[PDB]
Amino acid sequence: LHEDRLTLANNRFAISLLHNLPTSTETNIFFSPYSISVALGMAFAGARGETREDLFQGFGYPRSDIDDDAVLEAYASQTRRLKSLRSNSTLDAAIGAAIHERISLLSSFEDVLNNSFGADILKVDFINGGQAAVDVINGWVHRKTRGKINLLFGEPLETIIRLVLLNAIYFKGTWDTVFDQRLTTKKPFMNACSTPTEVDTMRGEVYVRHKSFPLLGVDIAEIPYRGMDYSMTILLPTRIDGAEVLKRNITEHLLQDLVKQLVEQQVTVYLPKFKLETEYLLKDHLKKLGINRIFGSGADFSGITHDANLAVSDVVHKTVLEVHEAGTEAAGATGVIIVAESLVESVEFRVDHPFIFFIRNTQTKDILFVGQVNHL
């Protein structure tokens, strides 16, 4: 029951992280608060005492009415729910703890990583097997994401590292209404550096949930995937330069109030065929949110090992997305609806300047992906 609780904690975490991640006119943001949260659950499973209480507080489980004795079981229920509701859309996740092979592991940690997180444990030799370790990890992410994410590490890791938390995830899905490839054309997209660039721009008279919010300087359109259980929610600033103010203004509560008011409507969508590929070493950003002890000397990890001084070296996150006429995949759909011109009115939603977006499960309300596009 109260499945909303971990979802709220994760979605609040999503917005905190979006507020704090590095931004520039030249840099795009793209991350899974869902996969990063599962990764912080692995840390929670292993930490005890003040190391665990510090993570508990810093992530904010108690602010969403989750007692610490209920965290692992809330992950377990969210885990079973996402991969047991049958769906046209799929998530391929690489979630694991890479631990020095010569640390003895408590069986309970193994059991919790399995049932709570569907997480793997990669025992590797971080001291002597430097290149073999990254070869193993990189092979693991490659197979877990079915060739979408193929490297977590281009170089051996520092020989000091004993525990590193990995989370890569790929979303696959098809538009409920596929765009007609014959209508895709080169169109200007105004980057955040205020130079226009020419990009493949999809065009469709497409049923979406839409509302204009001129007072908040945002137009919003929710573009559903097939099955209606997933969507891409695009927040397009009224001002060409409005993205940083919009991102600062957005909160988990406000986003929920805005999405509720969207009305089903046929709109002319202009959507660049954009591509994102991002990696984060998240330790410093997590420190800034009050998560510190899990990364420190004298971190209590008597949940993982009764016989070594473990600290988490880092939380390594990597993800990737392409937009196509069919959805996530190039030529992933072969049927199409050729729409007659409307003769009464058609709203335009033209994504031709920096914008923010969320891929959500519309039933559970989980935010799977947060995006900011400053630059194509």
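Just count from 1 along the sequence shown to find any residue number.
Peer 1: Would you mind comparing 322-330 and 304-312 for me and telling me which has the higher average C-alpha temperature factor in the entry?
Peer 2: According to the entry, 304-312 carries the higher average C-alpha B-factor.
Peer 1: Can you tell me whether 147-155 has a higher mean C-alpha B factor than 193-201 in this record, or the other way round?
Peer 2: Between 193-201 and 147-155, it is 193-201 that shows the higher mean C-alpha B-factor.
Peer 1: Considering only 51, 37, 28, 64, which residue's Cα atom bears the greatest B-factor as recorded?
Peer 2: In this record, 51 carries the highest C-alpha B-factor of the candidates.
Peer 1: Highest Cα temperature factor in the entry, among the options 173, 96, 214, 129: which one is it?
Peer 2: Highest C-alpha B-factor among the listed options: 129.
Peer 1: Relative to the other modelled residues in the chain, which third contains the C-alpha temperature factor of residue 218: lowest, middle or highest?
Peer 2: For residue 218, whose C-alpha B-factor we compare with every modelled residue in the chain, the answer is the lowest third.
Peer 1: Going by the entry, which third of its chain does the Cα temperature factor of residue 57 land in?
Peer 2: It belongs to the middle third of the chain when residues are ordered by C-alpha B-factor.
Peer 1: Quick one: classify residue 10 as lowest, middle or highest third of the chain based on its Cα B-factor.
Peer 2: Answer is lowest: the recorded C-alpha B-factor places it there.
Peer 1: Place residue 206 in the lowest, middle or highest third of its chain's C-alpha B-factors, as listed in the PDB entry.
Peer 2: CA B-factor rank for residue 206: highest third.
Peer 1: For the chain shown, is the CA B-factor of residue 142 in the lowest, middle or highest third of its modelled residues?
Peer 2: Within its chain, residue 142 is a lowest-third residue by C-alpha B-factor, going by the deposited values.
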